[PDB]
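All remarks here apply to the structure that follows.
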Amino acid sequence: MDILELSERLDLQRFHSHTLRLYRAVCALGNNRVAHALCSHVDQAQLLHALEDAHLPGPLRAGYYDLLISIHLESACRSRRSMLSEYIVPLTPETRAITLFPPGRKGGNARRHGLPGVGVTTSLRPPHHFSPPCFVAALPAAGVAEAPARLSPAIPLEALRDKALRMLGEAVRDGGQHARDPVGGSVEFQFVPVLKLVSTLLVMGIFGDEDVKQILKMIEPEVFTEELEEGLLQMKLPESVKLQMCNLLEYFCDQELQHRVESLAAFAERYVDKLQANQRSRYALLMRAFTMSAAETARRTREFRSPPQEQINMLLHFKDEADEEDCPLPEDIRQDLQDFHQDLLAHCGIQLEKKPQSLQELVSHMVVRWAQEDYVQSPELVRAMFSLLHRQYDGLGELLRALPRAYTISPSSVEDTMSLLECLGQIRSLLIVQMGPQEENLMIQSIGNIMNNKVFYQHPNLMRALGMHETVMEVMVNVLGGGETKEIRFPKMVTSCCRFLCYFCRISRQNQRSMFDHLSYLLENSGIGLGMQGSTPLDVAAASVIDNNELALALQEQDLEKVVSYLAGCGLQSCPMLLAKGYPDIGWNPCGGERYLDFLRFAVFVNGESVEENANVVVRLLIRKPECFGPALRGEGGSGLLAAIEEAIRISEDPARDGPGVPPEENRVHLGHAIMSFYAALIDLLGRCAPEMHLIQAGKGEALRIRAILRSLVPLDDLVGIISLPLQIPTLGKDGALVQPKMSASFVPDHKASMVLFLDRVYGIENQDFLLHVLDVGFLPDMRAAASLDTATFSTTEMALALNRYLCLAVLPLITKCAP
Amino acid sequence: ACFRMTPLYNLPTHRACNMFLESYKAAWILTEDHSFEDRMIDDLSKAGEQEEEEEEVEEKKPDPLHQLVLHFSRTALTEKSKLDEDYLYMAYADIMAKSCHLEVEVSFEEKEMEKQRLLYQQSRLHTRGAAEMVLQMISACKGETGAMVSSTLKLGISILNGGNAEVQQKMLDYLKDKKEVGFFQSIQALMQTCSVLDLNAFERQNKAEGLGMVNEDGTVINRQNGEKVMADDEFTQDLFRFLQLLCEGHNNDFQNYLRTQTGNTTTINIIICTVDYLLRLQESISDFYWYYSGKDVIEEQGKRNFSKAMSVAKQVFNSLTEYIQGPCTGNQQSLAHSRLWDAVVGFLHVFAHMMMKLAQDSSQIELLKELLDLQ
Amino acid sequence: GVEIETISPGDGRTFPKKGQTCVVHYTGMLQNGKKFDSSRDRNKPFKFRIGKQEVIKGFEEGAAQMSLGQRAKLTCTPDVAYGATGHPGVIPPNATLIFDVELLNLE
Amino acid sequence: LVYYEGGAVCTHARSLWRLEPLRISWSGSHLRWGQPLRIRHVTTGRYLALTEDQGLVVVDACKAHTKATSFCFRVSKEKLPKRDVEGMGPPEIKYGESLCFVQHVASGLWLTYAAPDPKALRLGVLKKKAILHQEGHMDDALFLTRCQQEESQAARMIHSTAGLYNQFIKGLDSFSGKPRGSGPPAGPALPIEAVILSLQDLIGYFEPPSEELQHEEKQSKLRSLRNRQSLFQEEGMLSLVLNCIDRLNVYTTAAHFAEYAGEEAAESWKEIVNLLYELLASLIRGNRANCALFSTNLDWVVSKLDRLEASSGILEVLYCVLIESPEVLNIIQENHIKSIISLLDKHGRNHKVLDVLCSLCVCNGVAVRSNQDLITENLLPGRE
């Protein structure tokens with residue numbers, strides 16, 4: 001039956017409208033595979049005819065128009081809309097030719113305002129992905145989560161925009177007819193779906209220059225003349241149409257904003273070149289200034305002995321006109337900037353009649369006229385109309401809030417930025433979807449493309465302005481929140497992205513300083529970060545604090561006691577997922593405890609010296625909770641630390657107690673190795689928390705007091721016992737089979753270096769008899785072992801190279817200082 | 001590196017343009033001044049084309065400003081766990097606020113016209129429900145410091161300049177006929193979250209300028225990044241300035257309302273709480289003297305720290321004067337029974353060695369004269 | 001598993017061979033009388049590179065069987081079609097397909 | 001067992017105590033320090049008492065012998081019943097101020113927290129057992145706080161309301177087995193009319209506020225509605241009604257209900273199951289936590305879609321859960337969606353089913369591609 005019958009068959013009309021709503025639901029939020037599937041059920045011809053049918057009912061007509069937008073437009077529209085908030089300006093000749101005003105002579109201070117949305121826009125906007133919907137093609141043999149995601153179903157937009165223009169032109173003149181039979185039965189049904197379609201196509205930028213000119217003519221003809229026929233704004237529309245009208249206006253306001261930004265970029269391009277030439281000329285003239293001058297050249301050459309930021313600051317330091325003498329620029333060049341400051345404000349309507357004659361005070365007049373003419377009821381309509389109203393008078397504040405996201409790039413890297421922006425669109429698109437196995441591999445390869453991109457390292461400022469780092473930190477927050485307690489679903493993407501965060505911190509300190517704010521925010525998420533192996537939020541925090549003395553100096557105390565409460569939790573109970581693998585039970589977690597220990601090591605030790613302020617508070621809070629040191633050093637019930645090390649070494653060497661009794665999986669847990677790794681990081685922590693010698697000879701109370709506490713803590717007799725503890729050596733025999741111990745399951749020389757650094761920084765060596773007494777027992781067998789392994793077959797071994805690093809990091813500098 | 005680096009003209013053009021635009025915005029556009037808020041609210045507050053309809057129902061449709069007021073009332077009074085950020089509310093509230101005050105022997109003949117003009121500008125707003133914006137926003141902010149409570153607080157001060165009695169009356173009537181505790185709960189939490197001086201933070205700050213770390217993209221000399229000691233001084237000062245304004249003019253029953261609320265089921269004696277905060281301030285100021293007493297000279301950052309601390313302390317004492325003036329016997333009893341005396345003796349002991357320390361040298365004459373008006 | 005019935009024979013001489021693409025205005029429809037695809041609705045002739053396995057078996061061999069300018073009725077079993085999985089959300093698994101194909105042009 | 005329990009429990013009905021003085025006349029007089037008076041819990045009908053076996057517990061209301069239950073209030077711990085005042089009484093004890101220590105009038109023991117801390121209170125939330133100590137500690141001071149009239153009325157609601165259906169449930173499983181055949185029913189006649197009247201009152205008591213109401217009163221009524229819904233779930237009314245539907249669900253039709261319950265109850269079976277669904281929807285509509293409580297038993301409601309007695313009510317219950325909790329959406333599995341499709345195949349073109357599917361796709365603006373793929377896989381290609 002004809003759908004026009006449903007205008008009387010109401011029950012069918014409601015059911016089918018709800019059906020169309022379900023159609024717009026299943027294909028919503030970038031589900032282009034379902035959108036392509038739906039293209040079979042509703043065809044291109046079906047949609048186009050439903051657009052052009054003027055006898056269709058209201059809800060069904062609106063549903064079909066919205067459905068067309070959902071099938072074809074929304075996936076590309078959302079991503080492009082998001083990219084409208086950033087303004088990357090390449091250095092191109094058409095960018096150079098971009099001027100604030102079109103060529104005119106009406107006003108010297110300011111010409112007539114250019115037509116919004118008409119002209120050249122050089123902002124880097126990624127192209128859309130349109131795949132013609134082909135259904136007879138063979139189904140791919142590739143498995144899921146590896147095949148590329150479906151793109152938007154293609155549809156002729158060049159003809160579609162012509163259809164849209166014809167439709168709205170007919171609707172405008174029908175409004176002038178004031179006919180008693182509106183299309184769809186109501187004014188809002190006659191206008192809202194059409195305006196929504198024009199809004200979306202405007203966002204895509206399908207319209208040409210003349211198409212936008214026609215749109216302005218049908219919006220308001222007389223105001224938009226360059227050198228019933230009445231615009232839509234005088235037809236007393238309903239509120240829903242007013243809402244879509246606001247959506248139409250805000251796009252042109254955005255286009256004006258982008259035009260201003262590009263005008264600034266063009267003037268910046270010309271002015272920088274002129275200033276570069278002038279500064280070169282001044283430098284060349286100042287070279288011969290030494291013949292007729294003297295030591296007063298200091299503040300002349302301060303520019304050339306000072307980096308460019310304050311150079312341009314003092315060069316531009318002439319706005320108030322009370323500081324001209326400091327500025328060495330010629331007055332005509334300064335006049336160029338002053339004139340360009342004049343017209344920019346005039347363009348923004350600052351300073352330089354029933355016809356507004358321009359959009360700037362046309363929309364403001366429109367909004368105030370609507371508000372005074374009737375009581376607006378729709379809340380989001382009020383939100384939209386007053387957001388516009390705030391945007392009109394304030395010509396500069398929006399520019400001030402748009403400049404931090406503005407940036408200029410070299411033309412040679414536009415294609416480099418293309419891939420980065422496309423992957424940025426992909427990860428941004430994943431913020432609105434529940435995390436899935438299909439989405440993980442596409443976003444891991446996206447961040448891999450970020451790693452491969454040169455501009456990712458070349459322009460850290462642009463990276464920070466784009467702010468992918470915070471967006472990725474939310475996507476971790478959601479993925480850990482899903483299964484926040486039970487299990488970390490999609491662990492591979494978690495560790496692959498925290499790897500990107502660690503690299504991001506290492507790109508630059510400004511990126512690190514920006515990341516420094518979220519540490520506590522990262523710290524709550526690090527509570528379950530012990531579950532994952534590899535790159536973890538704790539590692540991200542360490543990379544966000546390390547190699548900067550300024551960082552960890554403003555590190556708030558509240559983080560510290562929560563970290564050591566986690567250490568207490570590590571020490572009071574067995575590790576859950578480690579114990580679930582059939583391992584024998586021990587009442588504490590060496591691996592998680594080690595993680596916090598090396599984290600605090602990065603927290604308190606920077607650039608080769610200890611931070612005293614962080615050092616005393618960490619040792620104070622750590623020593624307040626002795627339960628996390630391990631089986632030893634607890635006092636009552638606590639055996640020797642050295643004895644616990646022989647417990648760990650022999651349990652590590654003996655199977656069925658070090659492992660599950662079943663590396664084979666490259667992440668096998670070795671309990672004996674982990675316990676002593678924890679002990680080594682515990683003592684390396686205390687060693688790097690040790691007070692400095694200059695404060696010690698300074699005699700300051702707390703500085704002496706802490707070290708005296710550490711001496712009462714750790715007896716040096718156990719330490720020299722650990723020094724005397726042997727190392728398993730690669731032996732020759734059995735047809736030359738080298739018995740090579742594995743670092744994953746053997747005592748490493750770097751542990752011993754941790755204890756050597758501790759005794760050097762805390763205990764020290766004062767006398768010769770005990771100096772030799774510590775040298776001969778443990779350093780001598782190891783150095784002889786290294787000398788013996790210094791051969792053809794044993795030098796290349798990990799044990800030998802680790803001994804080489806250990807001796808040259810901890811042993812040899814210690815005895816170099818103890819040489820006299 | 002400064003003696004070994006390259007001049008400006010060898011820098012890449014795209015980098016140079018980025019540096020130029022960054023310098024340009026701070027040096028020209030932020031510094032640029034433009035006043036438009038007066039013709040904002042004149043157009044919003046005026047209603048047009050109702051003359052043509054000439055309707056006599058008395059329906060009283062809102063004027064364009066009043067629609068804004070109703071809309072923000074609706075989003076203020078809607079029930080949500082968190083008061084989600086609205087940048088337009090930032091824009092409109094700042095526009096709404098600073099458009100009111102707009103401010104050599106001036107005489108009492110012409111002195112009054114600026115006052116009644118300020119009253120006219122406030123009357124343009126409080127007659128339109130703008131007075132309810134501050135109460136609803138403070139009730140809905142739930143006691144967390146933020147942009148909204150700052151902008152709303154500045155609006156409250158703006159509409160309450162000169163102690164507008166009628167505005168105070170509207171405040172009192174709304175609190176009385178709504179009888180909600182969340183307002184004073186928010187006020188108590190917000191004031192309890194106000195910061196005091198920290199020695200550890202101060203010393204950590206002191207270590208920073210010894211480094212004098214600059215940025216890589218050029219150089220900024222001793223950058224003016226956010227100070228971690230007394231960052232919320234403007235907010236705390238504004239909060240007590242607002243509390244002072246809502247009791248200015250000896251609004252006796254309003255002061256008794258602050259001390260106790262019969263209508264409210266739960267009563268929070270904010271007067272006692274205010275004393276508690278002043279008490280918390282006295283240890284910080286005393287210990288900040290107890291870091292400089294040994295040192296013969298006080299450095300510049302410490303001088304600025306004293307200035308911002310005592311500006312807030314002056315505002316607190318001015319407020320505390322306001323609650324008890326009139327005299328309000330209930331408040332006077334609350335002050336006497338509270339721990340005000342401990343703060344008083346601590347401040348006196350601080351003031352004991354202030355002027356003696358500062359009088360030794362001529363470099364602390366400023367900080368001495370502001371301290372002198374503080375006592 | 002594909003069968004051809006001519007509807008309006010065309011050339012009968014220049015059969016589609018390897019090395020040249022085929023341009024067709026097909027019309028796919030389910031065996032239950034339900035249309036699911038076409039090319040005239042999109043107003044664009046569907047062109048496929050024959051011999052490179054972009055389309056299903058039945059359509060490929062069927063399109064290779066007729067000649068230039070020939071309209072044919074193509075019957076494809078699920079064995080030469082998508083079969084046990086169908087086309088997700090469009091064609092149910094294990095269904096027989098019928099195509100009205102007019103091979104309008106070659107290259 | 002009585003506890004010093006914190007959190008929302010202090011904003012819950014279980015923290016309310018009603019005092020009943022021993023005086024028949026002028027029982028609402030102002031409290032003078034030290035008159036004898038009983039303490040009763042609002043929602044359980046239990047009286048605090050010094051029991052013989054476990055010291056301080058809340059004994060049932062049928063065994064309060066007025067000796068172990070009565071108590072008295074004094075400002076201090078010193079060894080301090082007067083002549084009752086036939087009027088307003090001297091207003092002395094204040095709400096939130098005028099601190100008092102409560103002592104057993106007959107035993108002379110003062111209430112105080114149990115000092116030992118178990119492993120439950122070692123790191124977790126602190127519920128502190130109260131022991132009627134002989135003398136007690138110093139910091140056992142008790143603040144006295146008002147209850148709002150709606151709180152008091154609601155607290156009386158649970159206590160009166162729960163017992164009726166508890167009796168109804170025990171009447172239900174009394175004839176769960178042992179078919180009546182042609183003889184008399186199992187036991188006492190079930191209060192069909194009283195239950196139906198209570199159900200109608202509860203539905204009206206949980207009626208959402210009307211659309212025409214102004215935004216201020218609409219939000220205030222919404223807050224009251226959420227509070228009452230949360231309190232009733234916190235008192236377990238959701239579990240009790242779940243027992244009601246589950247117990248009535250064993251009979252397919254009224255004849256099946258007749259064969260065990262009786263002819264007189266068979267007719268009301270349809271009405272009661274419709275009313276139970278309506279109240280259930282009114283209980284859960286718009287509730288974040290209560291809707292989240294149905295993520296555990298999603299298949300429980302899914303199991304009853306095939307029933308013909310009440311499809312609209314359970315569908316509304318499903319819709320209210322769906323439009324509220326995305327975590328419930330994460331529990332959806334391929335059998336459930338086919339069952340939803342079976343609703344369309346067995347009940348005609350009901351657009352509410354489409355609305356259910358629409359809610360199934362997206363919740364809180366978050367796309368669920370797994371469910372969207374299942375919808376297009378199991379619904380679209382058939383085209384039937």
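All residue names refer to the structure tokens as shown: chains lettered A, B, ... in order, residues numbered from 1 in each chain, ligands numbered from 1 in order.
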When you get a sec, could you note down which chain C residues fall within 8 Å of chain D, using only C-alpha atoms, as a PyMOL selection string?
chain C and resi 88-92
Selection from above, C-alpha atoms, as a PDB file, in the first residue's frame, can you write it?
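Below you can see out_28.pdb, which holds the result:
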```
ATOM      1  CA  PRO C  88      25.551 -10.050   7.293  1.00  0.00           C
ATOM      2  CA  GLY C  89      22.359  -8.088   7.827  1.00  0.00           C
ATOM      3  CA  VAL C  90      21.377  -8.279   4.138  1.00  0.00           C
ATOM      4  CA  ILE C  91      21.132 -11.912   2.992  1.00  0.00           C
ATOM      5  CA  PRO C  92      20.341 -14.762   5.420  1.00  0.00           C
TER       6      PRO C  92
END
```
Taking only C-alpha atoms into account, find every residue of chain A that has an atom no more than 7 Å from chain C, and write it out as a PyMOL selection string.
chain A and resi 37+40-41+44-45+136-139
Restricting it to C-alpha atoms, dump the selection as a short mmCIF file (atom, residue, chain, number, x, y, z; two decimals), in the first residue's frame.
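After the write, result_18.cif holds the following:
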```
data_model
loop_
_atom_site.label_atom_id
_atom_site.label_comp_id
_atom_site.auth_asym_id
_atom_site.auth_seq_id
_atom_site.Cartn_x
_atom_site.Cartn_y
_atom_site.Cartn_z
CA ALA A 37 23.83 -3.23 5.44
CA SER A 40 20.09 -2.70 0.91
CA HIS A 41 16.85 -2.31 2.87
CA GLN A 44 19.46 5.65 -2.62
CA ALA A 45 16.44 5.97 -4.91
CA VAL A 136 27.48 -8.45 -4.84
CA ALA A 137 31.17 -8.33 -3.95
CA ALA A 138 32.50 -11.46 -2.27
CA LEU A 139 32.61 -11.52 1.51
#
```
With a cut-off of 9 Å and counting only C-alpha atoms, select all residues of chain D in contact with chain B and give the selection as a PyMOL selection string.
chain D and resi 96+145-146+215-216+219-220+222-223
With N, CA and C atoms kept, could you save the residues just selected as a short mmCIF file (atom, residue, chain, number, x, y, z; two decimals), in the first residue's frame?
```cif
data_model
loop_
_atom_site.label_atom_id
_atom_site.label_comp_id
_atom_site.auth_asym_id
_atom_site.auth_seq_id
_atom_site.Cartn_x
_atom_site.Cartn_y
_atom_site.Cartn_z
N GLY D 96 20.04 17.91 68.79
CA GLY D 96 21.38 18.27 68.36
C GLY D 96 22.25 18.89 69.43
N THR D 145 18.64 13.70 66.78
CA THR D 145 18.29 14.41 65.55
C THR D 145 16.86 14.10 65.13
N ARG D 146 16.19 15.12 64.59
CA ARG D 146 14.82 15.01 64.10
C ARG D 146 14.69 14.07 62.91
N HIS D 215 9.16 23.50 37.18
CA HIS D 215 10.47 22.86 37.28
C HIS D 215 10.98 22.69 38.71
N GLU D 216 10.73 23.68 39.57
CA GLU D 216 11.17 23.62 40.96
C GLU D 216 10.48 22.50 41.73
N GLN D 219 11.44 18.97 40.32
CA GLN D 219 12.70 18.44 40.82
C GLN D 219 12.58 18.02 42.29
N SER D 220 11.88 18.82 43.11
CA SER D 220 11.72 18.46 44.52
C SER D 220 10.96 17.15 44.69
N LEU D 222 10.84 14.86 42.42
CA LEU D 222 11.72 13.83 41.90
C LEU D 222 12.68 13.35 42.99
N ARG D 223 13.24 14.29 43.75
CA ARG D 223 14.13 13.94 44.86
C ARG D 223 13.41 13.11 45.92
#
```
Taking into account only C-alpha atoms, which residue in the set A:429, A:131, A:408, A:240 is nearest to chain D?
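That would be A:429, the residue with the smallest distance to chain D.
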Compute the set of chain A residues within 6 Å of chain B, using only C-alpha atoms, and express it as JSON, numbers by chain.
{"A": [268, 276, 304, 305, 307, 308, 309, 371, 372, 408, 409, 410]}
Could those selected residues go to a file with N, CA and C atoms, as a PDB file, in the first residue's frame?
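Result file follows (again31.pdb):
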```pdb
ATOM      1  N   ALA A 268      51.365  37.238   9.837  1.00  0.00           N
ATOM      2  CA  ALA A 268      52.505  36.699  10.567  1.00  0.00           C
ATOM      3  C   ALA A 268      53.588  36.216   9.618  1.00  0.00           C
ATOM      4  N   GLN A 276      62.904  39.353  10.127  1.00  0.00           N
ATOM      5  CA  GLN A 276      64.121  38.567   9.946  1.00  0.00           C
ATOM      6  C   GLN A 276      65.144  39.344   9.134  1.00  0.00           C
ATOM      7  N   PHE A 304      71.163  39.572  20.405  1.00  0.00           N
ATOM      8  CA  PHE A 304      71.787  38.478  19.684  1.00  0.00           C
ATOM      9  C   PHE A 304      72.412  37.456  20.623  1.00  0.00           C
ATOM     10  N   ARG A 305      72.586  37.805  21.899  1.00  0.00           N
ATOM     11  CA  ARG A 305      72.989  36.857  22.928  1.00  0.00           C
ATOM     12  C   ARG A 305      71.789  36.402  23.760  1.00  0.00           C
ATOM     13  N   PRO A 307      67.914  34.318  23.415  1.00  0.00           N
ATOM     14  CA  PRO A 307      67.105  33.475  22.512  1.00  0.00           C
ATOM     15  C   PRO A 307      65.877  34.214  21.997  1.00  0.00           C
ATOM     16  N   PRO A 308      65.254  33.749  20.895  1.00  0.00           N
ATOM     17  CA  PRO A 308      64.315  34.620  20.152  1.00  0.00           C
ATOM     18  C   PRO A 308      63.043  35.051  20.873  1.00  0.00           C
ATOM     19  N   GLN A 309      62.578  34.331  21.903  1.00  0.00           N
ATOM     20  CA  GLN A 309      61.296  34.653  22.539  1.00  0.00           C
ATOM     21  C   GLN A 309      61.302  36.054  23.149  1.00  0.00           C
ATOM     22  N   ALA A 371      13.943  37.506  21.272  1.00  0.00           N
ATOM     23  CA  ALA A 371      13.796  37.451  22.720  1.00  0.00           C
ATOM     24  C   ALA A 371      12.765  38.464  23.200  1.00  0.00           C
ATOM     25  N   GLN A 372      12.792  39.678  22.649  1.00  0.00           N
ATOM     26  CA  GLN A 372      11.821  40.669  23.087  1.00  0.00           C
ATOM     27  C   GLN A 372      10.446  40.425  22.478  1.00  0.00           C
ATOM     28  N   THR A 408      51.050  26.848  12.967  1.00  0.00           N
ATOM     29  CA  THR A 408      51.524  26.955  11.595  1.00  0.00           C
ATOM     30  C   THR A 408      52.598  25.908  11.358  1.00  0.00           C
ATOM     31  N   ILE A 409      52.538  25.264  10.192  1.00  0.00           N
ATOM     32  CA  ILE A 409      53.459  24.195   9.836  1.00  0.00           C
ATOM     33  C   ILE A 409      54.079  24.486   8.479  1.00  0.00           C
ATOM     34  N   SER A 410      55.231  23.866   8.251  1.00  0.00           N
ATOM     35  CA  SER A 410      55.905  23.971   6.973  1.00  0.00           C
ATOM     36  C   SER A 410      55.115  23.208   5.909  1.00  0.00           C
TER      37      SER A 410
END
```
Please report the interatomic distance between atom CA of residue A:30 and atom CA of residue A:74 in Å with one decimal.
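So the answer is 7.2 Å.
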Quick check, in Å to one decimal: how far apart do atom CA of residue A:595 and atom CA of residue A:729 lie?
28.4 Å
Select from stretch 22-136 of chain D everything DSSP, run on the backbone, classes as helix (DSSP H, G or I), then give the selection as a PyMOL selection string.
chain D and resi 61-63+120-123
Output the selection as a tab-separated table (two decimals), in the first residue's frame - N, CA, C and O atoms for each residue.
```tsv
chain	number	residue	atom	x	y	z
D	61	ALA	N	8.23	-7.39	70.00
D	61	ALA	CA	7.26	-6.59	70.74
D	61	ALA	C	6.34	-7.41	71.63
D	61	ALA	O	5.60	-6.83	72.43
D	62	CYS	N	6.34	-8.74	71.51
D	62	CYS	CA	5.48	-9.58	72.32
D	62	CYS	C	6.12	-10.00	73.64
D	62	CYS	O	5.48	-10.69	74.43
D	63	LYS	N	7.38	-9.61	73.88
D	63	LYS	CA	8.09	-10.01	75.09
D	63	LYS	C	8.77	-8.83	75.77
D	63	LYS	O	9.84	-8.99	76.37
D	120	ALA	N	36.83	-7.66	60.60
D	120	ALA	CA	35.85	-6.99	59.76
D	120	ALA	C	35.98	-5.48	59.86
D	120	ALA	O	35.86	-4.76	58.85
D	121	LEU	N	36.23	-4.96	61.06
D	121	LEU	CA	36.45	-3.54	61.27
D	121	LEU	C	37.92	-3.14	61.18
D	121	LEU	O	38.24	-1.98	61.44
D	122	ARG	N	38.81	-4.10	60.89
D	122	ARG	CA	40.24	-3.80	60.84
D	122	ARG	C	40.57	-2.80	59.73
D	122	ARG	O	41.34	-1.85	59.94
D	123	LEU	N	39.97	-2.97	58.55
D	123	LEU	CA	40.25	-2.09	57.43
D	123	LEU	C	38.95	-1.61	56.77
D	123	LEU	O	38.92	-0.54	56.15
```
Filtered DSSP result for chain C, state strand (DSSP E), as a PyMOL selection string:
chain C and resi 2-8+22-25+28-30+46-48+71-76+97-106
Considering only C-alpha atoms, tabulate each residue of chain D that lies at most 6 Å from chain A along with its nearest interatomic pair and the corresponding distance in Å to one decimal; arrange the rows by chain and ascending residue number and present them as a Markdown table.
```
| residue | atom | partner | partner_atom | distance |
| --- | --- | --- | --- | --- |
| D:351 | CA | A:15 | CA | 5.1 |
| D:358 | CA | A:22 | CA | 5.3 |
| D:366 | CA | A:433 | CA | 5.1 |
| D:367 | CA | A:433 | CA | 4.4 |
| D:368 | CA | A:434 | CA | 5.7 |
| D:372 | CA | A:26 | CA | 5.3 |
```
Kindly export the residues of the current selection with C-alpha atoms, as a PDB file, in the first residue's frame.
```
ATOM      1  CA  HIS D 351       6.065  -0.246  18.595  1.00  0.00           C
ATOM      2  CA  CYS D 358      16.138   1.355  20.369  1.00  0.00           C
ATOM      3  CA  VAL D 366      27.655   5.087  24.164  1.00  0.00           C
ATOM      4  CA  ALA D 367      27.573   2.789  21.146  1.00  0.00           C
ATOM      5  CA  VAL D 368      27.390  -0.957  21.768  1.00  0.00           C
ATOM      6  CA  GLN D 372      23.947  -3.431  17.079  1.00  0.00           C
TER       7      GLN D 372
END
```
In Å, with one decimal, what is the gap from atom CA of residue A:588 to atom CA of residue A:762?
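Atom-to-atom, atom CA of residue A:588 to atom CA of residue A:762, that is 27.3 Å.
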Can you list, as a list in words, every protein, DNA or RNA residue that comes within 8 Å of residue B:163 when you count only C-alpha atoms, leaving out same-chain residues fewer than 6 positions away?
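Neighbouring residues, sequence-local ones excluded: residues 245, 246, 247, 248 and 249 of chain B.
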Prev. selection, C-alpha atoms, output as a PDB file, in the first residue's frame:
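Output below, filename result.pdb:
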```pdb
ATOM      1  CA  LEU B 245      28.402  42.863  52.275  1.00  0.00           C
ATOM      2  CA  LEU B 246      25.420  40.682  53.181  1.00  0.00           C
ATOM      3  CA  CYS B 247      25.622  42.019  56.777  1.00  0.00           C
ATOM      4  CA  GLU B 248      26.658  45.593  55.986  1.00  0.00           C
ATOM      5  CA  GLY B 249      24.394  48.355  57.217  1.00  0.00           C
TER       6      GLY B 249
END
```
